[PDB]
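Each remark here refers to the structure printed beneath this line.
FYI the Cβ positions are ideal-geometry reconstructions off the backbone, even for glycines, and counts take in every protein chain you see. Values in this text are rule-based calculations from the coordinates and carry no lab data.
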Protein chains: 2
Amino acid sequence: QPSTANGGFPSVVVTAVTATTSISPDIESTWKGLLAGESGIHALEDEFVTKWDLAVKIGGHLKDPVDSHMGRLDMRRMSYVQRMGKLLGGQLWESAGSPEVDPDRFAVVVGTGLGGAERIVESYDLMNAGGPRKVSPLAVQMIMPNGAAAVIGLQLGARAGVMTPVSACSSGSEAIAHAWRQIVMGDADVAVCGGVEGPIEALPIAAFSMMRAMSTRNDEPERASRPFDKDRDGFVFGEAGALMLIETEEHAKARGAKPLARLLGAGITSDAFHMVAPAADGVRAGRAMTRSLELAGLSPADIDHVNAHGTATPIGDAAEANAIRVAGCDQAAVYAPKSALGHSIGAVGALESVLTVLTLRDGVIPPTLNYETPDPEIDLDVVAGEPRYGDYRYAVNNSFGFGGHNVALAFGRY
Amino acid sequence: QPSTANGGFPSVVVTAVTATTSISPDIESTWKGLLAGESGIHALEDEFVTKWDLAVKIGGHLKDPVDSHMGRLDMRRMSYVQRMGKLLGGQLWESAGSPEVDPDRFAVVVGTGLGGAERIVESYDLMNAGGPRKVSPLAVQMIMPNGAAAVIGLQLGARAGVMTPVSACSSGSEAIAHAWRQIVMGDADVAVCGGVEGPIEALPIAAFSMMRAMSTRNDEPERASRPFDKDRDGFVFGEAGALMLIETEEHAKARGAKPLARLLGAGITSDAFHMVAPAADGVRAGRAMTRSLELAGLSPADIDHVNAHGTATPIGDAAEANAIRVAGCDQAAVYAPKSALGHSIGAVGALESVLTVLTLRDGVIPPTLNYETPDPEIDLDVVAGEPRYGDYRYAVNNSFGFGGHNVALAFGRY
Ligand SMILES: C=C/C(C)=C\[C@@]1(C)SC(=O)C(C(C)=O)=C1O
Ligand SMILES: C=C/C(C)=C\[C@@]1(C)SC(=O)C(C(C)=O)=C1O
Ligand SMILES: [Cl-]
Ligand SMILES: [Cl-]
Ligand SMILES: [K+]
Ligand SMILES: [K+]
């Protein structure tokens, strides 16, 4: 039975990372912000909060808006997610030292939660005002939900597959999983992977609020997101997108890139339980963690760190706690980054994958913000108060989404 | 190096199929229609063709509309693609003899081109008329593009992964590819896979017409779709969705299911050429065919039959012809089913995968309709005039989409 530890799969390393967040456009500044207990979440100033009388009045917009970096041409040929992908694509390649790779061994895997949804309302309004010929010959290529991956593959020259997995909130982790398969199966040597998501708008707030999924703790915006805390009351939106460069160890050596971490395995399962709620018993979600460990060649006793999905809903954090016990990883140091960065649906698995890699490289877990009263029924070792410096050898990043989609990624210290 | 032929990958068989088309709701009736040279394409009667003065006035709606099979509850809890998936899901499981499989070894992989796009216009109109509380607590779960896969996984009890790949026109073939990986990597023993797509509407017609991608041969609707013909002038929309049940040979034996065919390999590459046009040289697309053969353990001399993507655009059929030469498969008997069934974007790879399986089981290729003058520059053995009965041992189904996404699937006669 092939594993990473026994040489059945080739060794895969993470050689570059890039992200844009509500704390910073630069991933290293974001990481420093996290370690100093900064939050990205504030009062929404947006005129549409008063327009619609929304229950929810908080969230984190990007520190540096994407469209600050976009001229008139970009602004009319691409959806927002494609613009975000082009920016992040371009940044990642520079950080990697702008290498010349073999196009035919190069893959792109990028997820989103939703896609170019603004551009269909637009295209419908143009056809209403002025007929079928007022639809852009370009329209298809903005509208298609593989759109951001298409733009990155085209921008960087990826010829060994450009894929887009959609699994709501676990999209950006699933992308990284499939990029890892694409390589250990022989289809590629190098891959760009991650996830992009649109900005905070009024409809998604309405849809998630109506589920009672979201915090309405508006008087203290930085204190709203409380994963695993006895007093949590739902999640908070925080904008993001993130990409990472992965490649075989042998490929990285040959080009002199220094690895940040290894990516060792991926497990994908599903709940078949409910369309939006996670399964309470956390069994299938725990099994995804186990599957990554099997494929890595690890035991649960090797897992020092879990980067939790921790959305801060009551049933969500309860289910994940069960998942972690089920996997046998409940002795692990836990971090819930959504406590500081919020939930960014399709992107967030990817950004948290980047945080997990930085935890391994730097031997430190930022504090989970607002964790002030352990829930009796959770019983996890949640990092809090200040960063915890520790000997972290292996970690699991969890990502679950609506539909009951479970993704777990096993990373190792290089 | 693992292959299907050398035992490196387990043997995977197709044990059930189901589809709904412009010819028939029943796949066996569709297949008989094809073999008798029926077309699904007719004059569009839709009031919106005269409303908008559309250039395009032809296409094929489903013989049997999905919503004929849907009561008021379905009609308000699911998008159209989810309704289509529920119907096809339910039909496939019956055809398979309604077996009891182990939920934890059972995967679902279903692609679409676009998703629940109607339901965002609706949800926006409800919030405009009456505020944020008029958005459904159910809305998220209709709107999410993993929606049709979510519904099938939940309906059938799939707990070893529910995935949705989006790659425009190759979505439904890519789904089947990933279902095949999910099994030969050990993650599953059984999988439901394929693709669903929405109905013919006015916006997609406007968007594809503005590209000059579509036939406007309105006076002879059945003669419009002409793949590889010297006189082709673009594609024609034809509604569809299709699913197949795949599982290991050993699993099929144990439950007494008789296989229709084997699924032997899958190759995915990309063009990095253009956002919507295929690469003229057809190299990367040919390489996807080659990749399936490598993974199968076949040589190009073993390929008797190619089920072509053949959309009937000038540059599309030209590129694919080059792809097939590049792969070394140009001695093969070629069929272009879009000549009779039209193009159904995300579904169509899946339906053509089903046709390829029936070609292998029955040793017959339907005629490519309207193929009346071979293009000098194509030079392929296109089946035409009447069905060609032949000794077809192995076949390749090709599927390419906008973005330059290439998928090839290698099937064998059981
Ligand atoms: C398997 C997990 C499912 C179905 C749901 C979760 C826990 S994931 C997520 O992001 C989320 C919320 C409320 O946003 C959930 O409540
Ligand atoms: C690699 C293939 C690309 C980018 C485009 C194709 C040939 S696929 C397709 O379905 C299509 C049309 C016009 O519908 C194309 O013109
Ligand atoms: Cl242009
Ligand atoms: Cl209900
Ligand atoms: K996480
Ligand atoms: K085909």
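Between A:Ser22, A:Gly161, A:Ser344, the Cα set farthest toward the positive side of the dipole of chain A (charges on each charged residue's Cβ, about the Cα centre) is that of A:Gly161.
Over chain B, calculate the relative contact order: mean separation of alpha carbon pairs under 8 Å at least 6 apart, over the residue count, as a percent.
24
What average count of beta carbons from other chains do you get within 10 Å of the Cβ of residues in A:115-123? If you average over the peptide's residues, the count of other-chain Cβ atoms is 3.
Here A:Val196, B:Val12, A:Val166 are placed in order of increasing Cβ neighbour count within 10 Å, fewest first, which gives B:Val12, A:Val166, A:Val196. For the set A:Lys57/B:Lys134; A:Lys338/B:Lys86; A:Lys57/A:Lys338; A:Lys32/A:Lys230; A:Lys57/A:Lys230, the pairs lying more than 29 angstrom apart at their alpha carbons are A:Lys338/B:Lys86. Overall shape of chain A was characterised from the C-alpha gyration tensor. The equivalent ellipsoid obtained from it has semi-axes of 30, 28, 19 Å, in decreasing order.
Loop-resident trypsin sites (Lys or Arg not before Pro) (DSSP state other than H, G, I, E or B) in the range B:53-94 with no more than 14 further Cβ atoms inside 10 Å of their Cβ: B:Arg72.
Of all beta bridges that DSSP places with both ends in chain A, some 65 percent have antiparallel geometry. In the range A:265-414, the convex hull through the Cα atoms has an average projected area of 7.7 nm², a quarter of its surface area. Qualifying GluC sites (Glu not before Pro) in the range A:98-128, where qualification requires a DSSP coil assignment and no more than 12 other C-beta atoms within 10 Å, comprise A:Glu100.
Dividing the Cα radius of gyration of the protein assembly as shown by 2.2 N^0.38 Å, with N the residue count, gives 0.89.
Of the GluC sites (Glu not before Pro) found in the range B:12-71, those in coil by DSSP whose Cβ has at most 10 other Cβ atoms within 10 Å are B:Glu45. Among the residues of A:207-216, the average count of other protein chain beta-carbon atoms within 10 Å of the residue beta-carbon is 4.
Can you give the average number of partner chain beta-carbon atoms within 10 Å of each beta-carbon in peptide B:128-136, as a whole number?
On the way: counts 0, 0, 0, 4, 12, 6, 2, 10, 4.
Per residue, the average neighbour count from other chains is 4.
Hey, what number do you get for chain B at 222 nm if only DSSP H runs of n ≥ 4 count, each worth -39500 (n - 2.57), divided across all residues, to the nearest 500?
Values: 14 runs with 138 residues, N = 414.
Result for chain B, helices only: -9500 deg cm²/dmol.
Tell me the relative contact order for the range B:265-414 as a rounded percent, counting alpha carbon contacts under 8 Å between residues six or more apart. Can you show the working numbers first?
Values: 327 pairs, mean separation 53.7, N = 150.
After rounding, I find 36 percent.
When B:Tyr414, B:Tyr335, A:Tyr389 are sorted by how many other C-beta atoms sit within 10 angstrom of their C-beta, beginning with the fewest, the order is A:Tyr389, B:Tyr414, B:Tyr335. Across the identical copies, the 7 Å label point of B:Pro65, projected outward along Cα→Cβ, sits 4.3 nm from its counterparts, in ascending order. Each of A:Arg181, B:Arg393 was scored by other Cβ atoms within 10 Å of its Cβ. Arranged with the fewest first, they read B:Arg393, A:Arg181.
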